[PDB]
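What follows is a single structure, written as structure tokens, with notes after it.
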Amino acid sequence: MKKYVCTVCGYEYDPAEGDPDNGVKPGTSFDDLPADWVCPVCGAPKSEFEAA
Ligand SMILES: [Fe+2]
């Protein structure tokens, strides 16, 4: 359930919510995001998220 924050824009990935519009169901951990997933607010890579 660990949240991660985008260091570009401040969006928080919340595993309890997932990211349905990008094919990520509620409950999906950050580490299990698809390899091509990017921040939905700004487009930044996962490599620029940090644990929040
Ligand atoms: Fe972002």
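Just remember, in the structure tokens the first chain shown is A, the second B, etc., residues are 1-based per chain, and ligands are 1-based in the order shown.
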**Message:** as a ChimeraX atom specification, please: every protein or nucleic acid residue near ligand 1 (cut-off 6 Å, counting only C-alpha atoms and all ligand atoms).
**Reply:** /A:6,8-11,39,41-44
Selected residues written out with C-alpha atoms, as a compact mmCIF listing (two decimals), in the first residue's frame:
```txt
# COMPACT_ATOMS: atom_id res chain seq x y z
CA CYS A 6 6.25 12.08 -8.76
CA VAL A 8 8.33 16.35 -11.33
CA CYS A 9 4.74 17.32 -10.52
CA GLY A 10 3.74 15.99 -7.12
CA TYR A 11 1.18 13.42 -8.20
CA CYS A 39 2.91 9.76 -14.35
CA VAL A 41 -0.47 14.10 -14.56
CA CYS A 42 2.84 15.06 -16.13
CA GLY A 43 4.32 12.15 -18.16
CA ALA A 44 7.43 11.64 -16.08
```
Within 8 Å of stretch 12-18 of chain A, counting only C-alpha atoms, which residues show up once you throw out same-chain ones fewer than 4 positions away? Write them as a short mmCIF file (atom, residue, chain, number, x, y, z; two decimals) with C-alpha atoms, in the first residue's frame, please.
```cif
data_model
loop_
_atom_site.label_atom_id
_atom_site.label_comp_id
_atom_site.auth_asym_id
_atom_site.auth_seq_id
_atom_site.Cartn_x
_atom_site.Cartn_y
_atom_site.Cartn_z
CA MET A 1 0.00 0.00 0.00
CA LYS A 2 3.09 2.27 -0.17
CA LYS A 3 2.44 5.50 -1.96
CA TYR A 4 4.96 7.04 -4.36
CA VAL A 5 5.21 10.68 -5.41
CA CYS A 6 6.25 12.08 -8.76
CA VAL A 24 -4.08 -0.55 -13.43
CA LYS A 25 -6.76 -1.91 -11.13
CA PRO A 26 -7.18 -0.82 -7.53
CA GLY A 27 -4.81 -2.64 -5.30
CA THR A 28 -1.82 -2.75 -7.64
CA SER A 29 1.48 -1.92 -5.99
CA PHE A 30 3.80 0.69 -7.55
CA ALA A 52 5.92 8.97 -0.06
#
```
**Message:** For the structure I just gave you, how does DSSP split chain A - specifically, which residues are strand (DSSP E or B)? Reply as number ranges by chain.
**Reply:** A: 4-6, 12-13, 19, 24, 49-51
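Atom CA of residue A:19 lies 15.1 Å from atom CA of residue A:45.
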**Request:** Just give me the gap between atom CA of residue A:23 and atom CA of residue A:51 in Å, one decimal is fine.
**Result:**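 Atom CA of residue A:51 lies 21.6 Å from atom CA of residue A:23.
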